[PDB]
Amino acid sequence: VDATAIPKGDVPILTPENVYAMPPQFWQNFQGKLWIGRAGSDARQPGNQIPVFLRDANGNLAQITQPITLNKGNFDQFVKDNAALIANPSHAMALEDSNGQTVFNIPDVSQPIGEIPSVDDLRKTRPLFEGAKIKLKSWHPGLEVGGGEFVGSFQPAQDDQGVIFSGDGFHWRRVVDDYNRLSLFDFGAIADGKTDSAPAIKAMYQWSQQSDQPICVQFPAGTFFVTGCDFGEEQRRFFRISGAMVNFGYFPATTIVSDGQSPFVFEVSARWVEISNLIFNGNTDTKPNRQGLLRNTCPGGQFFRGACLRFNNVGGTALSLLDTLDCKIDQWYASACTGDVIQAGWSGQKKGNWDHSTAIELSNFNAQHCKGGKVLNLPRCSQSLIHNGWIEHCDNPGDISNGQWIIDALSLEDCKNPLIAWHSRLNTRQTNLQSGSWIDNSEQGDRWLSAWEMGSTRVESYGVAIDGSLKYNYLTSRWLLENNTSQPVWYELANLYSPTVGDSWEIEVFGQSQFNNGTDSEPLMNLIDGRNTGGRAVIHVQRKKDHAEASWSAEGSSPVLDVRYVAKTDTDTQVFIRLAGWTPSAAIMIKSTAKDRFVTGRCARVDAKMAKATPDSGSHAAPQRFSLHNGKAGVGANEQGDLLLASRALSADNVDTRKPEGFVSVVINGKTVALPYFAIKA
């Protein structure tokens, strides 16, 4: 029979692949009768057989009489000849064995097992009928990975290299129980750390985008070689990439390795990105390169989610984000990275004012021995947070300049250069700085925001530093002293440690002696021992060239009668006060010029004792003096008990000495007297 003796639209319905794709027992043992019949009826029935043509590899096109006898001999011959059965794709098919038992009876193959070794063979194996089930042993020949059950179809579907495998006028659909349990194995990846799994990653991403499946790129456990993947230009909504989903906090079960040729292993443009449970070994220690893990190119708002990420020997920028709206990177470790680790920039697009990054939360991270680039390349990060982070033996902790950062429990240890935080609005607790490490929060370089927005607050166990305003309801003391007794009592206030020669302390004993009514019953005549409401004592202490010395003043109804001091060392000064009788509550409030713990390690201390203690023999009386002036004239008092006065001394020659010009009412001691003054000669 000839070439154009074949009906229009007739196709090969059975090939050697159909012999291979049925169990060995069937090939070798089966003997029976095959009927290719008219569609919509039993093919064994009379006048139902449609034309069938045997075609050799040579190009033979002989018509074959039905039923077609099947047996090992005819199978062997069909395979050897690389032959094919051509007939109507719309056909009935019926097979019975040597006896008469119907194996199958399909009236229309277009309308509703055996094993296949590879995808290569699957794409060349036509289904027997619409719904025909097959088992794929493995994606690649004899790797025992990326296999599963497959349902055959004649309907047109494009090969996606994972779920749909298409041949000439047919395809096989992977039977997927849970779509969220597919991996790169299903898309033809191999965990040998050599075979490029980039085609599998590109195939699985395109599949997820088209079929709208959120799992996206899913790595199974093991090591994967990946060449640069550019999904670039086109803005997508989602790019998710996750390693083996197991609860391993430290070491993910998936590792990525590359050739260091692309600037990033993954080049994406997506509004929402999620990357987790991955180790990236950049191999920059042995084959130096500039290859990072992921860059997001999408302008006008990015959302990022990182979790359980290890960057080992990365020469490039590990993560590069753009126009960040919300970035959460938790449980990430960087070891011996020579490039930037966490980098975020802005498009500069005037609209939405994309001239900064927003809501960066970095938590539970450890950067070790990172030399060359910046661990944090995060300038202009507003409404951002750092929680429980360690950066050790890293040259450049990096840049958080012009930012707004809550920083809880950040540790810098043995870092060559400081964390750059120029014009950065920091709000910190428990910053741990060892081995010469520090944070540079100075006003160097360019300020992004107005001068009015500048300042940072540091809240430490050892004190508070506010580069800004303070306001409170009231100022109290940690130490309230009480003398509910008519007799005075000697207390030891504290031992003052003065780290530097010339350091000055002022102890304000705020509060008065007496709490009895009738202070407005009589006018005050005795300014010292009178009946006035209000009072304080002001003790001055300064570390001198050798040891220290003291001097004290008071106001109103003084809470202190006397103060003595003991200068045991050059740095140490014990301060005692004779707490006046009937002193109900006296608050201890201190001013100091001494360096605090923020400045030096061997810093200023107030070793508070606040205990009843008589000053020992060899204690020195702090002289009772005050001195209020303008550097020319003023008023004071001395320890002898004389009022001190200072003013321009006068020549008697310029004074009308004849008699006082006038008088003014002054209450000298207890008595209202008349203070005289003389006229000044013109």
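Sequential numbering from 1, following the sequence displayed.
Residues of the deposited sequence left unbuilt between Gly535 and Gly534: According to the record, the chain runs unbroken from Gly534 to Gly535.
Averaging C-alpha B-factors over each stretch, which comes out higher, 464-472 or 132-140? According to the PDB entry, the answer is 132-140.
Of 314-322 and 150-158, the one with larger mean CA B-factor: Of 314-322 and 150-158, the stretch with the higher C-alpha B-factor average is 150-158.
When you compare the CA B-factors of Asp178, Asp196, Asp355, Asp186 as listed in the entry, which one comes out on top? In the PDB entry, the greatest C-alpha B-factor among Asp178, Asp196, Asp355, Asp186 is found at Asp178.
How does the C-alpha B factor of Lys351 compare with the rest of the chain: lowest, middle or highest third? Its C-alpha B-factor, which the entry lists for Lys351, ranks in the highest third among residues of this chain.
Quick check for you: using the entry's CA B-factors within this chain, is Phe303 in the lowest, middle or highest third? Lowest third of the chain for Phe303's C-alpha B-factor.
Taking the values exactly as deposited, rank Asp259 by C-alpha B-factor within its chain and report the matching third: lowest, middle or highest. Ranked within chain, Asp259 CA B lands in the lowest tercile.
Would the CA B-factor of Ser456 place it in the lowest, middle or highest third of its chain? Within its chain, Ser456 is a lowest-third residue by C-alpha B-factor, going by the deposited values.
State the tercile, meaning the lowest, middle or highest third, of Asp108 with respect to the CA B-factors recorded for its chain. Highest third of the chain for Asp108's C-alpha B-factor.
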